[PDB]
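Note sheet for the following structure.
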Amino acid sequence: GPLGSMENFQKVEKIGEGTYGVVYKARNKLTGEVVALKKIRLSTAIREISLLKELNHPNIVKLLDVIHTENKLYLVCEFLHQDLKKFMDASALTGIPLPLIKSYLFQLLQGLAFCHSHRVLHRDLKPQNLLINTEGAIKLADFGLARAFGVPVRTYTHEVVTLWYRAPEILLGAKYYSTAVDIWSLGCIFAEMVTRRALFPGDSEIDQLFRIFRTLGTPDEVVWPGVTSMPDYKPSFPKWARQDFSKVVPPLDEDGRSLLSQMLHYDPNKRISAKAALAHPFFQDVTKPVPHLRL
Ligand SMILES: CCC(=O)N1CCN(CC)c2cc(C(=O)OC)ccc21
């Protein structure tokens, strides 16, 4: 077993925790570089992860190296100074300005268009893993693997937001997710930036599914062909009627609501793609504003 390959890094503070890893702000004792370090205590993962080292995009957090040591895997990443979750909480009383919301949505759709073109899915987009900098950029981080691994961290306080961004086909037991799962997650994040409240804040898998049903209507073969034969579908689901989007995301203009409605189509095969969404009229006036960041 290897040793010593981490002596060059000085942990500065903890910045995140997940089911299978802990994330630190760290200073390379030699380089002087400040990085983010994910520590996973302990195959197909090595090839899948090392493939993420080549997916380089201005809207994807750069993965710098992958360091295997003493039955611990380290991921070394570029460091950003704030995540969208904290920025959204910092703006809860003022709201994020719409031109900045639009900029952020456009950039993340650019990021997803890139990954999806390379047949990479994120699988777990959440405000907490969208990272922002002072110059107005936002970046995707913490790509979810197809086969999770690593010893679960016993100190992991779970989070209320865990299921809030999960696409309905995942919740209904689809075995093979498509890139449409990421568009759903981003639509949920788009709505939350606009309204300052989570769109579908479910606290169990069935609560998550039912919160979606009460808002968009219980799906049937009319809007989602094949849904009634999905693994976890139950003919005994309650039958809620669809609400109108004017009530779900005020104060979003008609272009925004139109784009959002397409990001939240039940049928993954009808849900808009990242590339098509970039062409939506909502973005004809997109700009790149500066956020006001504290630290
Ligand atoms: C290499 C570490 C990594 O894989 N990830 C995904 C895990 N997290 C979330 C805590 C993360 C945060 C930051 C960051 O700059 O936070 C301010 C940078 C990278 C990562």
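Residues: numbered from 1 along the sequence shown. Counting starts at 1 for both ligands and their atoms, in listed order.
- Using 4.0 Å as the threshold, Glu78 has a heavy atom nearer than that to some atom of ligand 1.
- Note on residues 237-253: no pairs pass salt bridge (charged side-chain N to carboxylate O under 4.0 Å, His left out), not counting sequence neighbours.
- For ligand 1, the atoms lying closer than 4.0 Å to a non-hydrogen atom of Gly16 are 10 (C).
- Residues passing the side-chain hydrogen bond (donor to acceptor under 3.5 Å, both in side chains) test with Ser258 are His280, sequence neighbours excluded.
- Residues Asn59 and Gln107 have side chains that bring a donor and an acceptor to within less than 3.5 angstrom of each other.
- In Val23, the part holding a heavy atom less than 4.0 Å from any atom of ligand 1 is the side chain.
- The aromatic rings of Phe237 and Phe210 lie perpendicular to each other, with more than 60° between the two planes, well past the 30° mark.
- Both the sub-6.0 Å distance and the 45° axial angle are satisfied by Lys102 relative to the ring of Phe282.
- Using a 4.0 Å cut-off between heavy atoms, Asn129 makes no contact with ligand 1 at all.
- Ring planes of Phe200 and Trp184: parallel class, angle under 30° (limits at 30 and 60°).
- Taking a 4.0 Å cut-off on heavy atoms, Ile15 registers as neighbouring ligand 1.
- When the heavy-atom distances from atom 15 (O) of ligand 1 to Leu37, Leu80, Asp65 are ranked, the shortest goes to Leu80.
- The shortest N or O to N or O distance between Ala36 and ligand 1 is not under 3.5 Å.
- Remark: side-chain polar atoms of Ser103 are not paired, donor with acceptor, to backbone N or O of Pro289 under 3.5 angstrom.
- Every atom of ligand 1 is numbered from 1 in the order shown, and the set under 4.0 Å from a heavy atom of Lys38 is 2 (C).
- Within the 4.0 Å heavy-atom criterion, neither part of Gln128 lies near ligand 1.
- Checking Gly18, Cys77, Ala141 against atom 4 (O) of ligand 1, the nearest heavy atom belongs to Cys77.
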